[PDB]
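Alright, two takes on the same chain below, each alone as structure tokens: structure 1 and structure 2.
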Structure 1
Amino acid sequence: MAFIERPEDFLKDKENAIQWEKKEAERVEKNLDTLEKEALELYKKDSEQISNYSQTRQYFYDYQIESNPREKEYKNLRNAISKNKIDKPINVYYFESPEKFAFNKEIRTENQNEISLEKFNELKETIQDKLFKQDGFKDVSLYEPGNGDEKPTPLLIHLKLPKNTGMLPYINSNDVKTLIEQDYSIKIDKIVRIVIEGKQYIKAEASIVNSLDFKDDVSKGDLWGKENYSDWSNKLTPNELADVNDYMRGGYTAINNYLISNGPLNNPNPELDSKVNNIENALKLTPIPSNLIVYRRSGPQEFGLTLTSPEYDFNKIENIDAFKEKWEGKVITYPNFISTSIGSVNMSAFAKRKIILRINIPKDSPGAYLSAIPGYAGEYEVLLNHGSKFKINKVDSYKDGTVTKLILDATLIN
């Protein structure tokens, strides 16, 4: 039997989960207009490509994004999902490739039944203490897969979704399904080895962490930045505004080269030292007021490469693999102050740069929306503090025309 209020987790109660979601699907059909129902029908017919598009749409030029006819399906489906918000948390289930969480080898083969202690521990060490960014449309289940269910990988994600998460229950032929648009980071709180129908699986107990991510909506990001850093702009000492404007006006190159070469030890320059101190103090004046995603198009030199390095040809998979082996899971540190943007869109000045850092900035980190300073709004810039450290959680790749580019999912850790 079923209670008259649903649980937060249907667990193994597949029969009630399916019936409840079937009722929900019927109820939500009352609230979708025909363009939204059209978007859903197209998704049933082309889910992989539509989901793929939804993961990387934001990285192109603003006018390329606007001109893509796939925007219609994306926006209409996203609207359909966004407005059926849950009234309390719910737990969902789905399978991932281990590669999704930067475990770039099999946990066990399809034919194997058990998972070694070795592999279990390797997996734990790889996915612990990391916040993994999730994007795009995804089909999830409200019940745990059991005997006779489809189970494509050895990795089962058991994810708690909070109140106000958008979820779209729907029917596809004989099947009741649940669609979400991922817009958050997940943390793996705990992994456990379980057995389902004679085979060992890893079950990852996962929760989410929200961050503001403006992606290609630079106007919205700019409004947010101006709202939070208009006062900041006015609250600096005259030395701090002076040293800040010097930095932004191109002084950054000397200041940062002094930092990178370890000038404060090898060539102490008290003038520069005072500027570094003032700018740092400026960045601590109004700490980043929410968890925030920022984007940086890195030069290859930040990753020990040049334009003519053979290893910078990411169109060859072996170079992507070599990149991952060197950087994925590592912590990197910038002695320099570091420019980032509120927006993910490509821009003329760095149109050809192949390495994109996508950085999770925890609330209260030092930082400032410099583009609140009336002098230059067209960067949508957030400046991060000198000596910042970033954990590289995961490396993804995508095609920009014929050129393979990398997205480094990173977290600011100090």
Structure 2
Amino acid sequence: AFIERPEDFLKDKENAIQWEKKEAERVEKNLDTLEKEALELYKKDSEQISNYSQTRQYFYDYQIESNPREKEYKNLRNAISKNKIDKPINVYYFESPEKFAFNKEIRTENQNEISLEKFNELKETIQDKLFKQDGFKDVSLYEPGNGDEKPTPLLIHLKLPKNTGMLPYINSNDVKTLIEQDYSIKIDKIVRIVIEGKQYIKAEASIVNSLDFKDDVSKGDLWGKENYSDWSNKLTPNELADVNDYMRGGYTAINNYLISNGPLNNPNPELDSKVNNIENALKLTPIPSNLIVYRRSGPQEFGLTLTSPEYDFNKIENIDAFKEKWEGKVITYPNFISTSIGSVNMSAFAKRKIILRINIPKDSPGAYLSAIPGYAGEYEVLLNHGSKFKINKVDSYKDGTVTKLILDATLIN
């Protein structure tokens, strides 16, 4: 009955429903065959479907296409963006606080009551963290009250941007909203609220946009070249000579010199004078926008060996152990740090088990190295040595029989 919905329906279930049905009717009429069919498969099987869309991009390209589940993903993706929003909107869903890297427990099932203690902990575990968000999910258009399901004590109030794709669809008797998460989320403010005489945490979240090419290494390359082609040259007469040093086939000399501290223990101006430039090579054209990149990392970077038993993530204790040790913490890299713009696996590191997913703020030290020709063919972004990264979150997925880690991180500097 609104002619144009408000930006936030707040507690007003009845109007939100009245507007979304009208909208669900419209939009469904615009789906094609494959799209509807996709929707019809989501309803019947949404958990397994969402799971797939969370961790879809980490396999080899050919493992991605050859997936019986990828057909459906692509179709549901298309469906979702078919209808991009109007203008911004606010949505409501519940999370598990696990999701935010709070592995403890707000207050259990039967308590209707939330510790000031636990509450402050939470506020602390999520303040100044971005948390990357991926995969399909159902969201609601108004705040829950008496009558609505309320499965967790954690309630997320999210402001979707002007252009988000959003699918309102009928399912038996109610109206549901489908979205594809693709951004990271900052929590600005969390407050305690009550509903049906019960206590719940309410998180105010906003989207910080970063570019993320995931498996579309092509899309990525175009971007990369679009920024780093005039850089290939621009880099001046003495940095030009120096640049072609890490990018001279062998890096286990230039890193290995930085790892076990060469600088102020072992000084060797034959590489220092190399570095003070190979560093300014990256500082030539700093990153032109918030960019996600992917590093596949090996056991050393996390104080283990190939053979360490605490590296077997097929056993959850080791995950739980890994998380205690790393989640929340900020790690520093003495090495130039070598990432790719695309999440796909590859022969050079086919078997590495720690994926580092890095959000890089706009304006930071780096470069699309893969913009030189010849050298060309792995979509590499180099990050400046002495970089520090904040590990906000540890996820995991099965890759074949081998379990791996996805570390959601932000480059602080």
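When a residue number appears, read it as a position in the sequence of structure 1, where counting begins at 1. Throughout, rigid core stands for the largest set of C-alpha atoms superposing within 1.5 Å between the two forms.
Once the two forms are fitted on their rigid core, between structures 1 and 2 the CA displacement reaches 2 Å or more only for 252 among 327, 334, 95, 252.
Residue 262 is among the residues whose C-alpha shifts by 2 Å or more between structures 1 and 2 once the rigid core is aligned. At residue 349, the distance the Cα travels between structures 1 and 2 is 1.5 Å after the core is superposed.
The two forms line up on their rigid core, and residue 155 then has its Cα shifted by 0.2 Å between structures 1 and 2.
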